Amino acid sequence: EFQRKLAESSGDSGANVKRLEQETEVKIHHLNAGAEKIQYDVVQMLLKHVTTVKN
Amino acid sequence: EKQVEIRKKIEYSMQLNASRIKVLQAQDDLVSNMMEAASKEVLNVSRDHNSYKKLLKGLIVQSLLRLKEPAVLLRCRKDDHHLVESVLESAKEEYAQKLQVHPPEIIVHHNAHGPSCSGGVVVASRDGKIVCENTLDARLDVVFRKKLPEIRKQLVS
Amino acid sequence: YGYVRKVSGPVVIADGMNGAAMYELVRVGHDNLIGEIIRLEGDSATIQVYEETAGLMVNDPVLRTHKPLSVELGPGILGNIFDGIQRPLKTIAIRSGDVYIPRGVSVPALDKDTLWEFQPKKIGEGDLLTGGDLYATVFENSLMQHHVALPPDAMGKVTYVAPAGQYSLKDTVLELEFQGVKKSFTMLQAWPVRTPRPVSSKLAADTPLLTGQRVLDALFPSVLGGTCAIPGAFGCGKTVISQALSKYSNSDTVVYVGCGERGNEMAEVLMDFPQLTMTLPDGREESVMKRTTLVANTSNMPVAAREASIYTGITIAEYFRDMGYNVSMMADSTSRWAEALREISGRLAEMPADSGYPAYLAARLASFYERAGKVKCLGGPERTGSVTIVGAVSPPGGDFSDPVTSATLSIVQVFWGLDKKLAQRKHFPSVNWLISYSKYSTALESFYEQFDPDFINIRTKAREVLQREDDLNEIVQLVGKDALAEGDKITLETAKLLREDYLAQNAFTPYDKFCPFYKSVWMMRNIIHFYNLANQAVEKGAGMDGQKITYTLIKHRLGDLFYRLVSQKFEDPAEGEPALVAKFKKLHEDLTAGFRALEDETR
Amino acid sequence: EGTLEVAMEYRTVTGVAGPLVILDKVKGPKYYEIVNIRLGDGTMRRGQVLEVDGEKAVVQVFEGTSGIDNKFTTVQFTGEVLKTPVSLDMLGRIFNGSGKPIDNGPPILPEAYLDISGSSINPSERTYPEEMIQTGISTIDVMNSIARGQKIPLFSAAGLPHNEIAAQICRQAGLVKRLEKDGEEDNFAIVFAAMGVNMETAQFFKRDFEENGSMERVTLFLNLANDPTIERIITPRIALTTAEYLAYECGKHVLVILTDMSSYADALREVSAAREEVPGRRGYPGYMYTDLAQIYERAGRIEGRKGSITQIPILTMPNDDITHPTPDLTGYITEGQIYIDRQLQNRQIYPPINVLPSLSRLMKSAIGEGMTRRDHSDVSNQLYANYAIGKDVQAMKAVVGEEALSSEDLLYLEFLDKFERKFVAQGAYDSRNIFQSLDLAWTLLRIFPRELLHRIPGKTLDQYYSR
């Protein structure tokens with residue numbers, strides 16, 4: 001029973017590690033896509049704030 | 001067996017922490033890419049030669065009004081030094097118009113290298129005790145710091 | 001007008017003041033923080049800021065106001081919660097959706113747009129009126145009418161009085177002409193927080209407080225308009241005594257000004273008192289929020305606000321006493337107030353005194369307490385009202401040598417000294433009957449005589465019994481009860497019965513939630529009669545033994561009376577006085593049957 | 001809002017004494033403006049403006065003052081108060097004293113900057129602590145209980161296992177309502193702030209939190225003893241600001257463990273002494289009460305939000321007393337006091353909690369028939385009375401001899417023995433259900449006859465005296 005339990009635990013740990021890796025890859029892809037989408041607008045806003053002086 | 005399963009749970013938690021730390025580090029890396037792109041755009045802004053002079057005049061006016069000192073000593077890059085030398089007394093006239101004060105006796109020499117400057121002026125006061133760093137690279141990283149929460153709010157997905 | 005120079009903590013030195021008088025409130029900075037002057041050195045004047053000072057500049061403008069610290073009075077002052085500087089807290093929470101209190105909020109102390117009903121008191125045109133005369137009555141809420149009086153510094157002939165109807169504080173309800181010039185009056189009345197309200201003459205109090213708790217109302221009484229001091233204890237004290245004085249007291253209204261205390265406790269009080277359906281009227285269950293008022297200022301509140309809170313609380317007491325009600329103000333503060341004085345005095349670089357407290361602590365505490373006392377009011381009609389100050393002292397962890405404690409006891413007339421040892425033993429009313437005292441025991445002679453012409457003697461006997469027991473406790477701690485004689489044994493039995501029956505009270509049950517004076521005096525008379533009869537019996541010595549043998553005889557063959565005596569505390573007050581009085585008279589008759597039936601067969 | 005201004009940079013450091021640099025010839029100096037100091041070597045420290053006077057301004061430095069020179073030391077006025085960045089990612093990370101991450105990870109990406117010493121809560125918007133949290137320790141559960149939004153400081157002395165019991169509470173804290181309570185929002189999201197802690201204690205807490213599987217939940221701000229002293233006067237404020245953002249603006253129940261508040265009183269003493277201010281008791285600053293109120297009164301449930309903040313600031317008496325100014329003021333402000341006694345430790349009981357000095361003001365609210373057994377208050381009030389009277393009896397028997405004691409005296413002594421041994425003691429990893437704790441308490445009580453149980457009412461006696 002103990003050997004079966006440890007084998008099942010190792011399999012579950014491997015499955016959880018694979019799921020975590022897949023979720024991490026998905027998250028990185030989403031963040032990269034959002035950054036690529038919004039980068040130009042962000043830089044434009046930043047430059048607009050930098051390149052203005054009052055009085 | 002109990003401590004084996006406890007150690008397995010601890011290892012799973014550590015793996016989860018590692019994954020979330022990797023995600024957070026990638027987020028910070030994207031933020032760094034944003035900052036690099038903003039720096040590149042700021043450097044590109046220096047290519048202008050007509051509105052650039054107006055921006056330099058505005059910057060020097062703002063700095064001189066913030067110091068409100070009798071004798072500043074402005075420092076500008078060797079590149080575009082001609083623009084500062086041209087604007088010259090226009091800033092003094094604007095400052096004297098701002099309040100009923102005699103025109104400052106500005107002095108303009110040593111200049112920091114272009115990439116270090118990337119536009120903007122450093123004004124300071126006599127003996128260099130009080131320093132105002134209005135460089136473009138100095139205006140950035142302050143706008144960035146202030147607008148960072150807005151950046152995260154923009155990075156919904 | 002003026003500009004800031006120095007900003008250290010809550011102490012701000014602003015130059016350019018010149019003609020800025022002491023305590024003349026000034027407004028600091030763009031955020032417009034309130035603030036009072038504390039010192040002058042020439043063109044500059046020290047200011048206390050009553051608020052967080054973070055973010056003040058140099059040359060940030062400071063505006064003078066020429067007015068000392070003033071609280072706005074009038075209708076609606078009852079049943080509200082005010083900050084130390086008298087800001088309506090609920091108004092701030094509703095008007096601004098933010099749950100926080102924003103820095104430098106400017107809200108009127110009283111709403112200036114609510115419609116109030118006006119009932120003039122038959123004042124005719126061309127009549128003569130004077131300071132404090134009561135020209136109109138306004139029903140702020142049911143079961144609590146609010147009389148409207150002219151300010152003490154006002155007089156003149158009544159050229160115009162507004163008719164009855166709905167009015168708002170922005171309207172002029174009355175006009176007066178005096179010394180060739182006319183003045184107007186609205187339903188508002190601003191008054192400096194110090195400089196107590198004028199009184200025609202003070203008076204010597206005769207009515208007792210008759211609070212709910214049996215120990216306070218019987219052993220160590222306080223008079224209406226009196227002066228008390230409890231050591232601000234928790235579980236007991238600041239909670240049970242506060243509840244008794246608020247919902248189970250004969251004072252016509254309550255003013256809770258406890259500042260410098262825990263926020264959770266303040267929230268609990270402010271959430272429990274809204275329901276608080278005390279039967280203040282004869283047959284009505286109106287909530288006491290139509291009767292009380294909070295001036296809560298938590299511990300995290302600015303240090304300079306403690307004195308302002310205390311003085312606004314006592315000023316509000318004065319407005320009500322002037323109308324005629326017998327207000328009773330309870331201050332959970334004065335333990336944090338001494339700390340506030342130490343903070344400001346040290347920051348102002350004042351030279352400290354004994355134990356580091358400012359030398360003028362006694363003067364401030366006197367100027368606060370001496371505003372108590374029942375007072376014959378100003379103006380017409382003739383009237384009378386009182387203010388009670390049941391303050392707080394350091395908890396029973398420090399001896400009376402504490403400067404705040406010594407200063408209070410040098411002025412306070414009644415000391416309800418709670419002992420921490422009783423709190424450990426879970427005796428919940430927790431008043432130590434050896435160290436407490438009440439200097440009002442002489443003025444209450446008339447009331448005690450008229451209520452029951454034999455209560456003074458039984459009270460003195462109870463005091464003697466308690467003192468004798470406390471005296472021989474040391475001897476028992478050495479030798480033990482082996483040498484105790486009949487008299488000593490019966491004295492200790494009666495003392496134990498008095499301690500556990502009379503001096504205790506649960507207050508969380510109808511048995512001890514509120515003990516009327518008749519029930520308490522009947523318990524005292526029953527216990528003292530039992531003690532006297534038992535002592536006489538053991539002194540008789542019949543049957544050749546008497547003495548402790550007779551004591552065991554009455555504790556065994558007559559112990560049902562003892563059990564009924566120790567259970568007499570459970571007589572439900574809801575049954576009414578004609579029932580409880582009959583029950584106690586029957587118990588007294590049965591007790592008289594004992595010690596005579598016990599003497600029938602000569603023990 | 002329209003246009004910005006880059007922060008001024010000065011060099012007029014005319015005075016450096018202890019942790020204070022005294023600038024001069026400055027203009028427009030804000031109060032509590034956070035400054036950035038760049039030394040001659042190029043390292044950057046961060047400081048705060050304690051006082052502004054005329055053109056001068058006195059600046060304390062967090063990272064110490066080991067390199068400032070009147071010539072080269074540049075100081076820059078950011079023109080704003082401290083603003084710790086906060087985000088939901090701040091969970092499950094460990095930080096330095098001033099908020100710099102030490103988990104080898106990236107700096108926090110902020111959702112917003114919230115100024116330290118957050119906005120005061122109008123008392124008309126607070127609510128009394130309603131629900132009770134199960135502390136696991138039986139002595140706390142039966143007497144001196146803890147309700148959500150409470151401020152219970154554990155009073156301890158040097159050497160006692162206050163850190164161990166704090167860790168036990170962190171591992172065991174949970175809801176009690178009808179024994180019913182995923183609960184991710186119900187997860188207490190502990191925020192641990194350590195000031196002036198021996199590195200062994202920090203390692204212990206780190207390992208305990210990692211082992212208990214809470215590493216994805218807890219958050220650690222550490223100010224070790226070797227770390228600069230001044231950061232100890234900012235770390236708890238940072239922790240409380242983070243807790244406020246995690247609870248009120250995010251709807252998570254939050255628990256806070258401030259460690260060694262005496263190590264904060266020491267920082268207050270150092271700062272006050274360095275400024276030549278008027279001292280108070282034992283030389284502590286006269287405004288220590290105000291600072292302690294500011295650091296404690298930032299916990300409690302709020303009506304408009306589903307969150308809550310419940311803090312357990314542990315405290316170390318200097319010479320194992322209470323009259324010392326710091327524990328005294330903490331007792332004045334906080335709504336509770338848990339006492340760990342040296343006598344119990346000398347007798348080798350792992351929880352040395354002396355149940356007699358203990359107190360919780362909000363105890364009467366957490367308990368009740370709606371969430372606890374109806375006899376809870378009676379049971380507690382009787383055990384307390386019997387323990388107190390039995391202690392008096394034991395003191396008397398210490399001089400009159402064991403023979404002079406009466407039958408009631410012997411009953412009280414046996415009650416004391418079984419109370420201090422079977423009841424107070426508990427496993428370092430074993431909890432006790434509140435009903436199980438009440439059952440144990442009833443077993444302890446039933447030693448005495450029904451007559452001696454004066455506090456317990458007969459109605460509760462009938463349902464419980466036999467069981």
# chains A, B, ... in the order shown; residues from 1 in each chain; ligands from 1

$ interface_residues --of "chain B" --to "chain D" --cutoff "10 Å" --atoms "only C-alpha atoms" --output "PyMOL selection string"
chain B and resi 6-7+9-14+16-18+20-22+24-29+31+59+62-63+66-68+124+128-136+138-143+145-153

$ interface_residues --of "chain A" --to "chain D" --cutoff "8 Å" --atoms "only C-alpha atoms" --output "ChimeraX atom specification"
/A:49,52-54

$ interface_residues --of "chain B" --to "chain A" --cutoff "6 Å" --atoms "only C-alpha atoms" --output "NGL selection string"
:B and (38 or 58 or 139 or 157)

$ write_last_selection --atoms "N, CA, C and O atoms" --output "short mmCIF file (atom, residue, chain, number, x, y, z; two decimals), in the first residue's frame"
data_model
loop_
_atom_site.label_atom_id
_atom_site.label_comp_id
_atom_site.auth_asym_id
_atom_site.auth_seq_id
_atom_site.Cartn_x
_atom_site.Cartn_y
_atom_site.Cartn_z
N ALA B 38 10.40 53.75 -23.79
CA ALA B 38 10.17 55.15 -23.45
C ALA B 38 11.46 55.95 -23.51
O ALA B 38 11.47 57.09 -23.98
N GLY B 58 10.92 76.54 -21.97
CA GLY B 58 9.99 76.23 -20.90
C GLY B 58 10.67 75.57 -19.71
O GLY B 58 10.38 75.90 -18.56
N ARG B 139 13.34 63.93 -15.99
CA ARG B 139 11.89 64.02 -16.06
C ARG B 139 11.28 62.63 -16.19
O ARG B 139 10.29 62.31 -15.52
N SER B 157 -4.97 42.64 -19.31
CA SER B 157 -4.73 41.40 -20.05
C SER B 157 -4.22 41.72 -21.44
O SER B 157 -4.41 42.82 -21.95
#

$ select_by_dssp --residues "stretch 319-389 of chain C" --states "alpha helix (DSSP H)" --output "list in words"
residues 319, 320, 321, 322, 323, 336, 337, 338, 339, 340, 341, 342, 343, 344, 345, 346, 347, 361, 362, 363, 364, 365, 366, 367, 368 and 369 of chain C

$ residues_around --residues "stretch 75-81 of chain B" --least-positions-apart "5" --cutoff "10 Å" --atoms "only C-alpha atoms" --output "list in words"
residues 46, 49, 52, 53, 86, 107, 108, 109, 110, 111, 112, 113, 114, 115, 116, 117, 118, 119, 120, 121, 122, 123, 124, 133 and 135 of chain B

$ closest_atom_pairs --of "chain D" --to "chain C" --cutoff "7 Å" --atoms "only C-alpha atoms" --output "Markdown table"
| residue | atom | partner | partner_atom | distance |
| --- | --- | --- | --- | --- |
| D:28 | CA | C:58 | CA | 5.7 |
| D:29 | CA | C:57 | CA | 6.0 |
| D:30 | CA | C:57 | CA | 4.9 |
| D:31 | CA | C:55 | CA | 4.9 |
| D:32 | CA | C:54 | CA | 5.8 |
| D:51 | CA | C:8 | CA | 5.0 |
| D:52 | CA | C:7 | CA | 5.2 |
| D:53 | CA | C:6 | CA | 4.1 |
| D:54 | CA | C:5 | CA | 5.2 |
| D:119 | CA | C:100 | CA | 6.0 |
| D:120 | CA | C:100 | CA | 5.6 |
| D:121 | CA | C:100 | CA | 4.5 |
| D:122 | CA | C:101 | CA | 5.4 |
| D:123 | CA | C:267 | CA | 6.3 |
| D:124 | CA | C:90 | CA | 6.0 |
| D:125 | CA | C:99 | CA | 6.6 |
| D:126 | CA | C:267 | CA | 5.6 |
| D:127 | CA | C:267 | CA | 5.5 |
| D:128 | CA | C:268 | CA | 4.7 |
| D:278 | CA | C:346 | CA | 5.2 |
| D:280 | CA | C:356 | CA | 6.5 |
| D:286 | CA | C:343 | CA | 5.1 |
| D:287 | CA | C:343 | CA | 5.4 |
| D:290 | CA | C:300 | CA | 6.6 |
| D:293 | CA | C:300 | CA | 4.9 |
| D:294 | CA | C:300 | CA | 4.9 |
| D:297 | CA | C:300 | CA | 6.1 |
| D:300 | CA | C:264 | CA | 6.8 |
| D:333 | CA | C:262 | CA | 5.7 |
| D:334 | CA | C:262 | CA | 6.6 |
| D:335 | CA | C:262 | CA | 6.7 |
| D:356 | CA | C:424 | CA | 6.7 |
| D:361 | CA | C:235 | CA | 6.3 |
| D:381 | CA | C:426 | CA | 6.4 |
| D:384 | CA | C:425 | CA | 7.0 |
| D:385 | CA | C:425 | CA | 4.9 |
| D:388 | CA | C:425 | CA | 6.2 |

$ select_by_dssp --residues "chain B" --states "strand (DSSP E or B)" --output "MDAnalysis selection string"
chainID B and resid 72 75 122 125 130:133

$ residues_around --residues "residue C:179" --least-positions-apart "5" --cutoff "12 Å" --atoms "only C-alpha atoms" --output "ChimeraX atom specification"
/C:154-157

$ write_last_selection --atoms "C-alpha atoms" --output "PDB file, in the first residue's frame"
ATOM      1  CA  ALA C 154     -27.986  89.543  25.492  1.00  0.00           C
ATOM      2  CA  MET C 155     -30.850  91.794  26.565  1.00  0.00           C
ATOM      3  CA  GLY C 156     -33.389  94.195  25.145  1.00  0.00           C
ATOM      4  CA  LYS C 157     -37.036  94.869  24.418  1.00  0.00           C
TER       5      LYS C 157
END

$ residues_around --residues "stretch 238-240 of chain D" --least-positions-apart "5" --cutoff "12 Å" --atoms "only C-alpha atoms" --output "MDAnalysis selection string"
chainID D and resid 82:86 90:91 94:100 113:118 190:195 218:223 231:233 245:248 254:259 294:300 309:313

$ residues_around --residues "stretch 305-311 of chain C" --least-positions-apart "3" --cutoff "7 Å" --atoms "only C-alpha atoms" --output "PDB file with N, CA, C and O atoms, in the first residue's frame"
ATOM      1  N   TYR C  50      -4.490  70.386  16.174  1.00  0.00           N
ATOM      2  CA  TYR C  50      -5.668  69.530  16.312  1.00  0.00           C
ATOM      3  C   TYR C  50      -5.814  68.532  15.171  1.00  0.00           C
ATOM      4  O   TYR C  50      -6.883  67.929  15.020  1.00  0.00           O
ATOM      5  N   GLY C  84     -13.702  65.895  18.636  1.00  0.00           N
ATOM      6  CA  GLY C  84     -13.260  66.799  19.684  1.00  0.00           C
ATOM      7  C   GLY C  84     -13.413  68.261  19.315  1.00  0.00           C
ATOM      8  O   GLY C  84     -13.633  69.106  20.186  1.00  0.00           O
ATOM      9  N   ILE C  85     -13.308  68.580  18.029  1.00  0.00           N
ATOM     10  CA  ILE C  85     -13.463  69.949  17.558  1.00  0.00           C
ATOM     11  C   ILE C  85     -14.901  70.154  17.102  1.00  0.00           C
ATOM     12  O   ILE C  85     -15.204  71.105  16.374  1.00  0.00           O
ATOM     13  N   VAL C 193     -15.362  77.687  24.410  1.00  0.00           N
ATOM     14  CA  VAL C 193     -15.360  76.361  25.016  1.00  0.00           C
ATOM     15  C   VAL C 193     -14.988  76.448  26.491  1.00  0.00           C
ATOM     16  O   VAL C 193     -15.491  75.682  27.318  1.00  0.00           O
ATOM     17  N   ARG C 194     -14.100  77.371  26.839  1.00  0.00           N
ATOM     18  CA  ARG C 194     -13.784  77.670  28.224  1.00  0.00           C
ATOM     19  C   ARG C 194     -14.729  78.769  28.701  1.00  0.00           C
ATOM     20  O   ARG C 194     -15.731  79.066  28.046  1.00  0.00           O
ATOM     21  N   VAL C 257     -18.508  61.700  27.038  1.00  0.00           N
ATOM     22  CA  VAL C 257     -17.406  62.402  26.399  1.00  0.00           C
ATOM     23  C   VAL C 257     -16.114  61.596  26.478  1.00  0.00           C
ATOM     24  O   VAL C 257     -15.030  62.157  26.361  1.00  0.00           O
ATOM     25  N   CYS C 259     -12.997  60.226  25.751  1.00  0.00           N
ATOM     26  CA  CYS C 259     -12.010  60.366  24.695  1.00  0.00           C
ATOM     27  C   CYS C 259     -10.699  59.745  25.155  1.00  0.00           C
ATOM     28  O   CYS C 259     -10.470  59.538  26.350  1.00  0.00           O
ATOM     29  N   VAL C 295     -19.121  62.583  22.401  1.00  0.00           N
ATOM     30  CA  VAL C 295     -18.090  63.523  21.973  1.00  0.00           C
ATOM     31  C   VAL C 295     -16.835  62.686  21.750  1.00  0.00           C
ATOM     32  O   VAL C 295     -15.715  63.097  22.071  1.00  0.00           O
ATOM     33  N   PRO C 302      -5.661  63.241  17.263  1.00  0.00           N
ATOM     34  CA  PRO C 302      -4.516  64.102  17.583  1.00  0.00           C
ATOM     35  C   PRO C 302      -4.456  64.435  19.065  1.00  0.00           C
ATOM     36  O   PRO C 302      -5.481  64.608  19.727  1.00  0.00           O
ATOM     37  N   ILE C 314     -18.082  69.434  28.683  1.00  0.00           N
ATOM     38  CA  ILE C 314     -18.594  70.142  29.852  1.00  0.00           C
ATOM     39  C   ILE C 314     -19.402  71.366  29.432  1.00  0.00           C
ATOM     40  O   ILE C 314     -20.355  71.747  30.119  1.00  0.00           O
ATOM     41  N   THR C 315     -19.064  71.992  28.303  1.00  0.00           N
ATOM     42  CA  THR C 315     -19.868  73.117  27.834  1.00  0.00           C
ATOM     43  C   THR C 315     -21.263  72.665  27.421  1.00  0.00           C
ATOM     44  O   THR C 315     -22.252  73.349  27.704  1.00  0.00           O
ATOM     45  N   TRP C 337      -6.030  62.421  29.199  1.00  0.00           N
ATOM     46  CA  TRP C 337      -5.898  63.872  29.197  1.00  0.00           C
ATOM     47  C   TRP C 337      -4.609  64.322  29.868  1.00  0.00           C
ATOM     48  O   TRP C 337      -3.951  65.243  29.377  1.00  0.00           O
ATOM     49  N   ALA C 340      -2.002  63.938  27.454  1.00  0.00           N
ATOM     50  CA  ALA C 340      -2.037  65.020  26.476  1.00  0.00           C
ATOM     51  C   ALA C 340      -1.350  66.268  27.013  1.00  0.00           C
ATOM     52  O   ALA C 340      -0.586  66.926  26.294  1.00  0.00           O
TER      53      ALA C 340
END

$ residues_around --residues "residue D:317" --least-positions-apart "5" --cutoff "9 Å" --atoms "only C-alpha atoms" --output "VMD selection string"
chain D and resid 155 to 158 262 322 324 326 to 327

$ write_last_selection --atoms "N, CA, C and O atoms" --output "PDB file, in the first residue's frame"
ATOM      1  N   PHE D 155       1.794  39.658  26.510  1.00  0.00           N
ATOM      2  CA  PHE D 155       2.832  40.171  27.391  1.00  0.00           C
ATOM      3  C   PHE D 155       3.781  39.045  27.775  1.00  0.00           C
ATOM      4  O   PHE D 155       3.348  38.008  28.285  1.00  0.00           O
ATOM      5  N   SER D 156       5.073  39.253  27.548  1.00  0.00           N
ATOM      6  CA  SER D 156       6.063  38.227  27.829  1.00  0.00           C
ATOM      7  C   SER D 156       7.317  38.885  28.383  1.00  0.00           C
ATOM      8  O   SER D 156       7.441  40.112  28.414  1.00  0.00           O
ATOM      9  N   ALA D 157       8.249  38.050  28.827  1.00  0.00           N
ATOM     10  CA  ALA D 157       9.554  38.479  29.299  1.00  0.00           C
ATOM     11  C   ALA D 157      10.619  37.735  28.510  1.00  0.00           C
ATOM     12  O   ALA D 157      10.330  36.783  27.780  1.00  0.00           O
ATOM     13  N   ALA D 158      11.865  38.183  28.655  1.00  0.00           N
ATOM     14  CA  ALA D 158      12.961  37.577  27.910  1.00  0.00           C
ATOM     15  C   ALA D 158      13.106  36.105  28.270  1.00  0.00           C
ATOM     16  O   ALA D 158      13.147  35.741  29.449  1.00  0.00           O
ATOM     17  N   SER D 262       8.726  46.416  22.333  1.00  0.00           N
ATOM     18  CA  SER D 262       9.783  47.080  23.085  1.00  0.00           C
ATOM     19  C   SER D 262      10.935  47.478  22.173  1.00  0.00           C
ATOM     20  O   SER D 262      11.572  48.514  22.393  1.00  0.00           O
ATOM     21  N   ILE D 322       5.123  45.325  34.694  1.00  0.00           N
ATOM     22  CA  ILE D 322       4.058  45.985  33.953  1.00  0.00           C
ATOM     23  C   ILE D 322       4.105  47.499  34.098  1.00  0.00           C
ATOM     24  O   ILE D 322       3.665  48.212  33.180  1.00  0.00           O
ATOM     25  N   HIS D 324       6.418  49.393  33.596  1.00  0.00           N
ATOM     26  CA  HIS D 324       7.256  49.990  32.570  1.00  0.00           C
ATOM     27  C   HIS D 324       6.381  50.738  31.566  1.00  0.00           C
ATOM     28  O   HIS D 324       5.286  50.272  31.235  1.00  0.00           O
ATOM     29  N   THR D 326       6.143  51.250  28.335  1.00  0.00           N
ATOM     30  CA  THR D 326       5.633  50.664  27.097  1.00  0.00           C
ATOM     31  C   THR D 326       4.533  49.640  27.351  1.00  0.00           C
ATOM     32  O   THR D 326       3.443  49.781  26.766  1.00  0.00           O
ATOM     33  N   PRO D 327       4.727  48.601  28.174  1.00  0.00           N
ATOM     34  CA  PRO D 327       3.601  47.700  28.455  1.00  0.00           C
ATOM     35  C   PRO D 327       2.434  48.404  29.111  1.00  0.00           C
ATOM     36  O   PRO D 327       1.281  48.037  28.862  1.00  0.00           O
TER      37      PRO D 327
END

$ closest_residue --among "D:146, D:419, D:460, D:400" --to "residue D:386" --atoms "only C-alpha atoms"
D:419
